[PDB]
Amino acid sequence: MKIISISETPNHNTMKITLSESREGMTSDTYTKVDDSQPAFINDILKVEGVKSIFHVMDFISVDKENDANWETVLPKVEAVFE
């Protein structure tokens, strides 16, 4: 899986990351905690210090960081997940 685009969102604690592989279903999913049912890359992102939640729908995931955290330190670890 590869990141094709990283952008800024109308909000500060959230960024829209567009992936190459699109979602099969048309529904969305919001993951706030890790567990065996979610996709693996999804649990790896949540384990990143500073990640608050993840909105996943279509061909992108919107990651929300902690109000006290900064993207300069979170974003790299987030992209590191896709290796």
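The condition of being aliphatic (A, V, I, L, M), over 9 Å from the mean Cα position of the chain (by Cα) and more than 19 Å from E83 (Cβ to Cβ) holds for only one of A40, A69, that being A69. Looking across the range 12-22, the residues that are within 16 Å of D59 (Cβ to Cβ) and either outside any loop (DSSP other than H, G, I, E, B) or touching a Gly at 6+ places or on another chain (Cβ under 9 Å) (or both) come down to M15, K16, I17, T18, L19.
Against the list (1) in contact (Cβ under 8 Å) with a residue 60 or more places away in the chain; (2) touching a helix residue (DSSP H, G or I) at 6+ places or on another chain (Cβ under 9 Å), the condition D36 fails is (1).
I'd like the full set of residues that are touching a helix residue (DSSP H, G or I) at 6+ places or on another chain (Cβ under 9 Å) and either under 15 Å from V51 (Cβ atoms) or not in a loop (DSSP other than H, G, I, E, B) (or both), limited to the range 1-11.
Taking the range 1-11 as the starting set, the residues that turn out to be touching a helix residue (DSSP H, G or I) at 6+ places or on another chain (Cβ under 9 Å) are 1, 3, 6.
Answer for the range 1-11, where residues must be touching a helix residue (DSSP H, G or I) at 6+ places or on another chain (Cβ under 9 Å) and either under 15 Å from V51 (Cβ atoms) or not in a loop (DSSP other than H, G, I, E, B) (or both): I3, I6.
Every read-out reported here was derived from the displayed coordinates using simple, explicitly stated rules and does not represent laboratory data. We place every Cβ from the backbone using ideal geometry, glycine too, and count neighbours over all the protein chains shown.
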